[PDB]
Amino acid sequence: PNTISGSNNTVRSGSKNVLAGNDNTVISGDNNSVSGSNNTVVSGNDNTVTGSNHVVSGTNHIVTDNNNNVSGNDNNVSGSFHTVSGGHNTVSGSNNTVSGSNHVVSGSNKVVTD
């Protein structure tokens, strides 16, 4: 039902997830692809999550690098230590806080909302 390769990866509830690496978890969700170390999809579907220490909920995100906290729908997040919600945001750099929709945010320490 799920495809799992590595050490200490788990899916509590859901199907068709693909988890590779170590200590990755899908709490509740389907069709997520998660690769790396210590990443977590809490409640979400169809997310692509690569790198380390991400926490992701919602749908259709692409999250990479490290330590990003992402919820909502269709956010594309790179760099580190971001907090992103809402929809269709594109976030790079470090330590940005982004909510609302359709924002493209780069650099560091930015706060952007609807």
# chains A, B, ... in the order shown; residues from 1 in each chain; ligands from 1
call {"tool": "residues_around", "arguments": {"residues": "residue 39 (chain A)", "least_positions_apart": "2", "cutoff": "12 Å", "atoms": "only C-alpha atoms", "output": "VMD selection string"}}
result
chain A and resid 8 to 11 19 to 27 32 to 37 41 to 42 47 to 57 63 to 70
call {"tool": "write_last_selection", "arguments": {"atoms": "N, CA, C and O atoms", "output": "compact mmCIF listing (two decimals), in the first residue's frame"}}
result
# COMPACT_ATOMS: atom_id res chain seq x y z
N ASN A 8 13.36 3.41 9.95
CA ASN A 8 12.45 4.09 10.88
C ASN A 8 11.55 5.08 10.17
O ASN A 8 11.26 6.15 10.70
N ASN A 9 11.07 4.69 9.00
CA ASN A 9 10.04 5.41 8.27
C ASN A 9 8.70 4.78 8.54
O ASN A 9 8.63 3.54 8.67
N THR A 10 7.64 5.57 8.66
CA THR A 10 6.32 5.00 8.94
C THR A 10 5.18 5.80 8.32
O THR A 10 5.27 7.03 8.19
N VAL A 11 4.10 5.11 7.96
CA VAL A 11 2.83 5.72 7.56
C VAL A 11 1.80 5.22 8.54
O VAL A 11 1.58 4.00 8.63
N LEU A 19 8.26 6.72 0.80
CA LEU A 19 9.15 7.29 1.82
C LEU A 19 10.53 6.68 1.70
O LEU A 19 10.68 5.46 1.82
N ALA A 20 11.55 7.52 1.54
CA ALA A 20 12.93 7.05 1.41
C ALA A 20 13.85 7.83 2.32
O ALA A 20 13.81 9.08 2.32
N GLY A 21 14.66 7.13 3.09
CA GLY A 21 15.65 7.74 3.96
C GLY A 21 15.47 7.31 5.38
O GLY A 21 15.31 6.10 5.59
N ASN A 22 15.56 8.21 6.34
CA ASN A 22 15.42 7.81 7.73
C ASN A 22 14.45 8.73 8.47
O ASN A 22 14.44 9.95 8.26
N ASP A 23 13.64 8.13 9.34
CA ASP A 23 12.81 8.84 10.31
C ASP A 23 11.80 9.77 9.64
O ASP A 23 11.47 10.84 10.18
N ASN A 24 11.30 9.40 8.47
CA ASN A 24 10.22 10.12 7.82
C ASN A 24 8.89 9.53 8.20
O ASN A 24 8.77 8.31 8.35
N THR A 25 7.87 10.38 8.32
CA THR A 25 6.57 9.93 8.79
C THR A 25 5.46 10.59 7.97
O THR A 25 5.52 11.80 7.70
N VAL A 26 4.45 9.83 7.58
CA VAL A 26 3.18 10.38 7.15
C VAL A 26 2.18 9.95 8.22
O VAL A 26 1.94 8.74 8.40
N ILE A 27 1.65 10.92 8.94
CA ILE A 27 0.67 10.65 9.99
C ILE A 27 -0.63 10.22 9.31
O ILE A 27 -1.14 9.10 9.52
N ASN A 32 1.94 10.96 -1.00
CA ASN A 32 3.08 11.84 -0.75
C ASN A 32 4.38 11.16 -1.08
O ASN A 32 4.52 9.95 -0.87
N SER A 33 5.33 11.93 -1.59
CA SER A 33 6.67 11.45 -1.84
C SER A 33 7.56 12.22 -0.89
O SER A 33 7.56 13.45 -0.90
N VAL A 34 8.24 11.50 0.00
CA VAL A 34 9.06 12.09 1.03
C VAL A 34 10.43 11.44 1.00
O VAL A 34 10.54 10.21 1.13
N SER A 35 11.47 12.24 0.87
CA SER A 35 12.84 11.72 0.81
C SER A 35 13.77 12.55 1.66
O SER A 35 13.79 13.78 1.56
N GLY A 36 14.55 11.88 2.49
CA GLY A 36 15.55 12.53 3.31
C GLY A 36 15.51 12.08 4.73
O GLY A 36 15.39 10.88 5.00
N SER A 37 15.62 13.03 5.65
CA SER A 37 15.74 12.73 7.07
C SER A 37 14.77 13.54 7.93
O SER A 37 14.74 14.77 7.84
N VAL A 41 4.78 14.53 7.16
CA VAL A 41 3.52 15.02 6.63
C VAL A 41 2.51 14.68 7.70
O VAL A 41 2.35 13.51 8.05
N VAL A 42 1.87 15.71 8.26
CA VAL A 42 0.94 15.47 9.38
C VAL A 42 -0.41 15.08 8.85
O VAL A 42 -0.87 13.96 9.12
N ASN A 47 1.96 15.62 -1.66
CA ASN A 47 3.10 16.52 -1.41
C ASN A 47 4.39 15.87 -1.81
O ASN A 47 4.53 14.65 -1.67
N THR A 48 5.33 16.68 -2.27
CA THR A 48 6.69 16.25 -2.53
C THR A 48 7.58 16.98 -1.55
O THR A 48 7.63 18.21 -1.55
N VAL A 49 8.31 16.22 -0.73
CA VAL A 49 9.01 16.78 0.40
C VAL A 49 10.40 16.16 0.40
O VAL A 49 10.53 14.93 0.53
N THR A 50 11.44 16.97 0.23
CA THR A 50 12.80 16.48 0.18
C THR A 50 13.67 17.30 1.12
O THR A 50 13.49 18.51 1.27
N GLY A 51 14.63 16.63 1.75
CA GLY A 51 15.60 17.28 2.60
C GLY A 51 15.48 16.83 4.02
O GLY A 51 15.41 15.61 4.27
N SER A 52 15.46 17.78 4.96
CA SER A 52 15.47 17.46 6.38
C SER A 52 14.51 18.32 7.19
O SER A 52 14.37 19.53 6.94
N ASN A 53 13.90 17.70 8.20
CA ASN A 53 13.20 18.41 9.26
C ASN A 53 11.97 19.20 8.82
O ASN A 53 11.54 20.12 9.53
N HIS A 54 11.34 18.85 7.70
CA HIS A 54 10.15 19.55 7.24
C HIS A 54 8.92 19.06 7.99
O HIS A 54 8.85 17.89 8.40
N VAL A 55 7.95 19.96 8.12
CA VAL A 55 6.64 19.63 8.68
C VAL A 55 5.62 20.18 7.72
O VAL A 55 5.58 21.38 7.48
N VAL A 56 4.83 19.30 7.14
CA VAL A 56 3.97 19.64 6.02
C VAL A 56 2.55 19.12 6.24
O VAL A 56 2.36 17.96 6.60
N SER A 57 1.57 19.97 5.94
CA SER A 57 0.18 19.55 5.87
C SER A 57 -0.45 20.17 4.63
O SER A 57 0.07 21.10 4.04
N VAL A 63 8.31 20.98 -1.28
CA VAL A 63 9.07 21.54 -0.16
C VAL A 63 10.44 20.93 -0.18
O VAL A 63 10.58 19.68 -0.20
N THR A 64 11.48 21.74 -0.15
CA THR A 64 12.83 21.24 -0.22
C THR A 64 13.74 21.99 0.75
O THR A 64 13.31 22.93 1.43
N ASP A 65 15.00 21.55 0.82
CA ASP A 65 16.04 22.09 1.71
C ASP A 65 15.79 21.68 3.16
O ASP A 65 15.78 20.48 3.41
N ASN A 66 15.62 22.59 4.11
CA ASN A 66 15.47 22.13 5.49
C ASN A 66 14.59 23.02 6.37
O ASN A 66 14.53 24.24 6.25
N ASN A 67 13.90 22.36 7.29
CA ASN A 67 13.24 23.02 8.40
C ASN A 67 12.15 23.97 7.96
O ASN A 67 11.98 25.06 8.55
N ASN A 68 11.36 23.58 6.96
CA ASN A 68 10.23 24.36 6.53
C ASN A 68 8.92 23.80 7.09
O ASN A 68 8.73 22.58 7.15
N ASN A 69 8.03 24.71 7.46
CA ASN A 69 6.74 24.42 8.09
C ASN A 69 5.68 24.94 7.13
O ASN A 69 5.54 26.17 6.98
N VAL A 70 5.00 24.04 6.41
CA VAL A 70 4.18 24.43 5.26
C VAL A 70 2.79 23.81 5.39
O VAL A 70 2.65 22.63 5.75
call {"tool": "select_by_dssp", "arguments": {"residues": "chain A", "states": "strand (DSSP E or B)", "output": "PyMOL selection string"}}
result
chain A and resi 3-7+10-13+18-22+25-28+33-37+40-45+48-52+55-59+62-63+66+69-70+73+76-77+80+83-84+87+90-91+94+97-98+101+104-105+108+111-112
call {"tool": "residues_around", "arguments": {"residues": "region 100-113 of chain A", "least_positions_apart": "2", "cutoff": "9 Å", "atoms": "only C-alpha atoms", "output": "list in words"}}
result
residues 75, 82, 84, 85, 86, 87, 88, 89, 90, 91, 92, 93, 94, 95, 96, 97 and 98 of chain A
call {"tool": "write_last_selection", "arguments": {"atoms": "N, CA, C and O atoms", "output": "tab-separated table (two decimals), in the first residue's frame"}}
result
chain	number	residue	atom	x	y	z
A	75	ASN	N	1.95	25.18	-2.41
A	75	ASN	CA	3.06	26.09	-2.12
A	75	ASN	C	4.37	25.43	-2.53
A	75	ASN	O	4.54	24.21	-2.40
A	82	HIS	N	11.25	28.51	6.92
A	82	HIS	CA	10.06	29.22	6.53
A	82	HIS	C	8.81	28.70	7.21
A	82	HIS	O	8.72	27.54	7.60
A	84	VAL	N	4.91	28.81	6.01
A	84	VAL	CA	4.14	29.16	4.83
A	84	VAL	C	2.78	28.51	4.88
A	84	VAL	O	2.66	27.31	5.12
A	85	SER	N	1.73	29.30	4.67
A	85	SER	CA	0.39	28.74	4.56
A	85	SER	C	-0.28	29.36	3.36
A	85	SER	O	0.36	30.01	2.53
A	86	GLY	N	-1.58	29.17	3.23
A	86	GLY	CA	-2.28	29.71	2.10
A	86	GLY	C	-2.08	28.89	0.85
A	86	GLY	O	-1.80	27.68	0.91
A	87	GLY	N	-2.25	29.54	-0.29
A	87	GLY	CA	-2.24	28.87	-1.57
A	87	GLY	C	-1.36	29.48	-2.65
A	87	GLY	O	-1.29	30.70	-2.80
A	88	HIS	N	-0.67	28.65	-3.39
A	88	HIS	CA	0.05	29.06	-4.58
A	88	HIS	C	1.12	30.09	-4.32
A	88	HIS	O	1.38	30.97	-5.14
A	89	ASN	N	1.79	29.95	-3.18
A	89	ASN	CA	2.92	30.81	-2.86
A	89	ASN	C	4.23	30.17	-3.26
A	89	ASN	O	4.37	28.93	-3.19
A	90	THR	N	5.21	30.96	-3.66
A	90	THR	CA	6.53	30.52	-4.01
A	90	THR	C	7.51	31.23	-3.10
A	90	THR	O	7.59	32.48	-3.11
A	91	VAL	N	8.20	30.48	-2.25
A	91	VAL	CA	8.98	31.07	-1.18
A	91	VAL	C	10.38	30.49	-1.23
A	91	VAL	O	10.55	29.25	-1.29
A	92	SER	N	11.40	31.34	-1.18
A	92	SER	CA	12.79	30.93	-1.12
A	92	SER	C	13.51	31.77	-0.09
A	92	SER	O	12.94	32.75	0.41
A	93	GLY	N	14.76	31.42	0.21
A	93	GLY	CA	15.57	32.18	1.11
A	93	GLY	C	15.60	31.63	2.52
A	93	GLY	O	15.75	30.43	2.69
A	94	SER	N	15.45	32.47	3.53
A	94	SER	CA	15.43	31.94	4.89
A	94	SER	C	14.59	32.77	5.84
A	94	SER	O	14.63	34.00	5.84
A	95	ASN	N	13.88	32.05	6.69
A	95	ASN	CA	13.09	32.65	7.76
A	95	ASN	C	12.00	33.58	7.28
A	95	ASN	O	11.80	34.63	7.89
A	96	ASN	N	11.29	33.23	6.21
A	96	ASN	CA	10.15	34.01	5.74
A	96	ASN	C	8.83	33.47	6.30
A	96	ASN	O	8.69	32.26	6.47
A	97	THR	N	7.89	34.37	6.57
A	97	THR	CA	6.55	34.04	7.04
A	97	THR	C	5.60	34.48	5.97
A	97	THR	O	5.53	35.68	5.69
A	98	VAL	N	4.87	33.56	5.35
A	98	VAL	CA	4.08	33.88	4.19
A	98	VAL	C	2.70	33.24	4.28
A	98	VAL	O	2.59	32.04	4.55
call {"tool": "residues_around", "arguments": {"residues": "region 15-18 of chain A", "least_positions_apart": "6", "cutoff": "6 Å", "atoms": "only C-alpha atoms", "output": "list in words"}}
result
residues 1, 2, 3, 4, 30, 31, 32 and 33 of chain A
call {"tool": "closest_residue", "arguments": {"among": "A:46, A:7, A:114, A:60", "to": "residue 72 (chain A)", "atoms": "only C-alpha atoms"}}
result
A:60
call {"tool": "atom_distance", "arguments": {"atom1": "CA of residue 79 (chain A)", "atom2": "CA of residue 38 (chain A)"}}
result
16.3 Å
